[PDB]
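Colleague: Begin with these chain(s), straight out of the complex:
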Amino acid sequence: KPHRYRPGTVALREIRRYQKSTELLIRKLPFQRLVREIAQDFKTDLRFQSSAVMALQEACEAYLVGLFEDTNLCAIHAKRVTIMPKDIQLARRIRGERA
Amino acid sequence: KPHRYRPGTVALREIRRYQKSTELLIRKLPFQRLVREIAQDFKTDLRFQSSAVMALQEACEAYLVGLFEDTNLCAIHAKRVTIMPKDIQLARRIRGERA
Amino acid sequence: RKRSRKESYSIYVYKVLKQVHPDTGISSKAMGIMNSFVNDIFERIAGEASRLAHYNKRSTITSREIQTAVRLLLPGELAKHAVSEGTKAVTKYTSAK
Amino acid sequence: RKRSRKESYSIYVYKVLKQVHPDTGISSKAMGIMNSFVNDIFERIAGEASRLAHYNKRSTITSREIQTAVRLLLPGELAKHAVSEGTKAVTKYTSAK
Amino acid sequence: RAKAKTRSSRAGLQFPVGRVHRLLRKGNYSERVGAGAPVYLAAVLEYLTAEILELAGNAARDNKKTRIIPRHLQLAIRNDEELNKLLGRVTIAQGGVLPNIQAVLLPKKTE
Amino acid sequence: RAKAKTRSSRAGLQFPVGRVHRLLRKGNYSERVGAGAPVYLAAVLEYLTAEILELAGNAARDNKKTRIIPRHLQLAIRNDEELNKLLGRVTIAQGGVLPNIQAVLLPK
Amino acid sequence: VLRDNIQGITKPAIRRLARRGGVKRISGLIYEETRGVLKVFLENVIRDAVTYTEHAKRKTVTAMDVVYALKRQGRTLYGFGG
């Protein structure tokens, strides 16, 4: 019978692994496509430098990690371990990210 | 026997009353004395204009009301109606008020 | 004889108020708040215009830099109506030399 | 023949690194980060000094405004050690004329 | 020596174009300032003032008051999404807050 | 025509006083710039640079690496209370985050 | 006898502020935390205000010093000049 780890052990292994390294976790190509589609609705036939896309990816990723950190603290606050949309909405509301 | 309101009704009356009005809720003189003591620990024999004290009072109260709003959302999030120190600590941590 | 001289936007705010609501006054505190508001928006716009000019190795602040600064700082329809007013004002100024 | 000229703080950062840790190098990306850092702190301090000068109706930026800006922007012991270094530097400059 | 005409009237504005020009020169914003910049800026500031005063006068009429006080300015700002965004981190002295009570603590319905 | 000395050497600094002076003049900060301002500023920048590099070098030795990389700078900044305050809203490219897991969820 | 002077920000005033915040019920331990929070905020502001005072070579703290100190903390205040 195959060896089987209980739920949570591997998640923790991924946390330690990804917190030890610095490489980018989102794929480059779909990010470029998303950027180009959004940019199209403001101005047509725009081009992008590759370092501009790397900068946007770094900014996006740093923003999301910070939000997941705040979300996790809100989840833990409610005696839960599962993050839910209402936690994200709370974090963004308190920072003033009013969308 | 004396007439008696249940817990919560007058609290709500106080909410409506103070949210309708704009008068300052902290006493002027103790605030002046607090300010003078703190300033004394940085520089001696300082004086203060009355409008400086009023500005500080407005800033303090706006800051505290905003913090209590965030605190209340954190309490409600935990399926509670009573705010606790951990709610304030969470709100200040998410704003980055690290102290 | 000593007497200094402190400027404010009070008279202009009062003129605009009388234009928009002829039958209405304003307290001194509110006028002070409006003056603070005006000063804040002035610094924000001029500072942003300054950074744009510096980034583009440009030594002049023109109406273009103001327009761009406005589009960056203000959201949607507010920006569109303000930009329209500024454009119309500049065209009126340039015509009536 | 065409060739431009882009300045950076790279050579000075490398000299300081060799003074503090002789047996250590630095990648180009990190050096770029340090240059960005220096530019940011430069802009912050000069901007703050400018506002202080404007508030007190003074047209000159002196070592006093730098000192005050430093005390405002930087916290506690970091400010005290940096301020001490600045005073020491101005004192050595003024004496070795 | 033709007769003195102001820049404001030429622009059809009430705000002082000349003063804004002096303030741009004095304040280390740029070495030189074009003629159109202060007209555009004055127009923007005047428009925003008219919008705030408009909303504040509506709030004034709602409270049967003919004089605008700071309270009305706070109500005007916080009830307008765009002004709230612009002034999200701004404190209006003597402004107070909006009559906002979170819906779930206010009293029970089967009562 | 005495021999050419520079201000960084006279002030006992490594950072370039002259360049800082030119940058202050160019950037619309003030109409005029005093002689001591760029020396003081240069000294502050040198102290702060030395402090960051010091901590990053310590982090570098803990990882047995002889070259400083961005990760070591992020670790240095977030582990220093005062630098974290100064750079609380700044993003360090390729920096990552601190190995921080909230205690209640880590296993029994 | 007086009470270390931080205590003049009494319990009922904090309760009133919480009421303006829409708070209905308050634990007894909130007050001390709130006092510390207020002290930190005040300490930072006055420090900067006094720094502006010292630079101007003035012995009177003006409203403008406070306004600028607040501006640098991202808590811009309107209504007291500038």
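Modeller: Now that the structure is in, tell me what you want to look at. Residues are numbered from 1 along each chain as shown, chains lettered A, B, ... in the order given.

Colleague: in which helix or strand would I find residue A:29?
Modeller: Assigned by DSSP states H and E, residue A:29 belongs to helix A:28-42.

Colleague: nearest spatial neighbour of the residue of chain G found nearest chain A, skipping sequence neighbours?
Modeller: Using Cβ to the nearest Cβ, residue G:74 is the residue of chain G that sits closest to chain A, at 10.6 Å. (C-beta placed from N, C-alpha, C; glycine too.) In space, and not counting its chain neighbours, residue G:74 is closest to residue E:89: 5.6 Å by Cβ to Cβ, 6 or more residues apart in numbering or on different chains.

Colleague: Is it correct that the one you found is in contact with residue G:77?
Modeller: No: Residue E:89 lies out of contact with residue G:77 (Cβ atoms under 8 Å); the separation is 10.7 Å.

Colleague: neighbour count winner among the two?
Modeller: Neighbour totals were compared for residue E:89 and residue G:77, and residue G:77 leads with 24 against 11 (other Cβ atoms under 10 Å in any protein chain shown).

Colleague: phi, psi of residue G:45?
Modeller: Taking degrees, to the nearest 10, you get phi -70, psi -50 for the backbone angles of residue G:45.

Colleague: one more chain, chain H:
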Amino acid sequence: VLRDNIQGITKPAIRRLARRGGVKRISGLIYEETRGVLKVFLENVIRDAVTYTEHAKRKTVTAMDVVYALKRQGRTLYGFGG
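Modeller: Chain H now in position relative to the chains above:
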């Protein structure tokens, strides 16, 4: 490709990001909300970047335009120049 859009920002990548944030368990509904949040952030940044681009009469968005756009939102980015 499934939306020609944000859906290329797959579930496992969002999981990885949550892992870096120290999150152990994630509800199925988080992903779409995160996508919307990301899209909003991106829109505002790109809007400002393109505005800087338009001011210079350039058709190429540079890294510096992004850095400045990020700067005005209080998210200063180091490492890409300036």
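
Colleague: re the thing from before, list the contacts of the next helix or strand after the helix holding residue A:29.
Modeller: As assigned by DSSP H and E, the chain's next helix or strand after helix A:28-42 is strand A:47-48. Contact with strand A:47-48 is made by A:32, A:35-36, A:39, H:59-61, as judged by Cβ atoms under 8 Å, 6 or more residues apart in numbering or on different chains.

Colleague: quick one, helices of chain A?
Modeller: A:9-20, A:28-42, A:50-77, A:85-95 (DSSP state H).

Colleague: which one of the ones you listed is the most hemmed in?
Modeller: Ranked by mean neighbour count, these are led by helix A:50-77 with a mean of 21 (mean count of other Cβ atoms under 10 Å in any protein chain shown).

Colleague: list the contacts for the residue nearest the centre of chain A?
Modeller: Nearest to the mean C-alpha position of chain A, counting by Cα atoms, centre = their mean, stands residue A:64 at 3.8 Å. By Cβ under 8 Å, 6+ apart, the contact list for residue A:64 reads H:17, H:21, H:34, H:37-38.

Colleague: next up, DNA strand I:
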DNA sequence: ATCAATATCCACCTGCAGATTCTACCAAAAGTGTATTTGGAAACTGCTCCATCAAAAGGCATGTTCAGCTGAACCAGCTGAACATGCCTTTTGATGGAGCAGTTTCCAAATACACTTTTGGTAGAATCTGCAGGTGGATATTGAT
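Modeller: So, slotting DNA strand I in with the rest:
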């Protein structure tokens, strides 16, 4: 507490991908001497600030009571972590030509500056009226029945 099955370290080799150093030259740092503003020292002065009383009253410090609240188990779905298998978008390597970012040069138009000259702005004095308090009455709510 020990075996089983993975995970990740401890340690090494290689060579190569950036990283450090060498050579050149020119653009910025620095020196010299003139011209110009500016910080500070001292005198004036009257506006505003700390300290004191004084009498009162309105908030608050203490004490008493109980009603919803808080935490705490128990458990019935239930849905969300892990793996297999397998299919495929993404990635790495090429290719190469097209558009334009960036540099250089020139000149009408834009704009600073010095002098002059009228006048809109602002401070204090003189109205004047809108709303802060006060009185009375009339609904409209809580809560025991």
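
Colleague: let's see the contacts of strand A:47-48 again after adding DNA strand I.
Modeller: Contact partners of strand A:47-48, identified using Cβ under 8 Å, 6+ apart, comprise A:32, A:35-36, A:39, H:59-61.

Colleague: Out of the residues you listed, the closest to residue A:56 would be?
Modeller: residue A:35 (6.3 Å; Cβ to Cβ).

Colleague: isn't that closest one right up against residue A:55?
Modeller: No: Residue A:35 lies out of contact with residue A:55 (Cβ under 8 Å); the separation is 10.8 Å.

Colleague: Let me see the contact set for the closest residue to chain G within chain A.
Modeller: Closest contact between chain A and chain G, by Cβ to the nearest Cβ, is at residue A:96 (10.6 Å). By Cβ under 8 Å, 6+ apart, residue A:96 lies in contact with E:88-89.

Colleague: Go ahead and list the helix or strand containing the one residue in chain G that gets nearest to chain H.
Modeller: Closest contact between chain G and chain H, by Cβ to the nearest Cβ, is at residue G:74 (8.9 Å). Assigned by DSSP H and E, residue G:74 falls within no helix or strand.

Colleague: Tell me how many other residues surround it.
Modeller: 9.

Colleague: Quick check: the gap between it and chain B.
Modeller: Applying Cβ to the nearest Cβ, to the nearest Å, the value for residue G:74 to chain B is 10 Å.

Colleague: Please consider this matter closed, and thank you.
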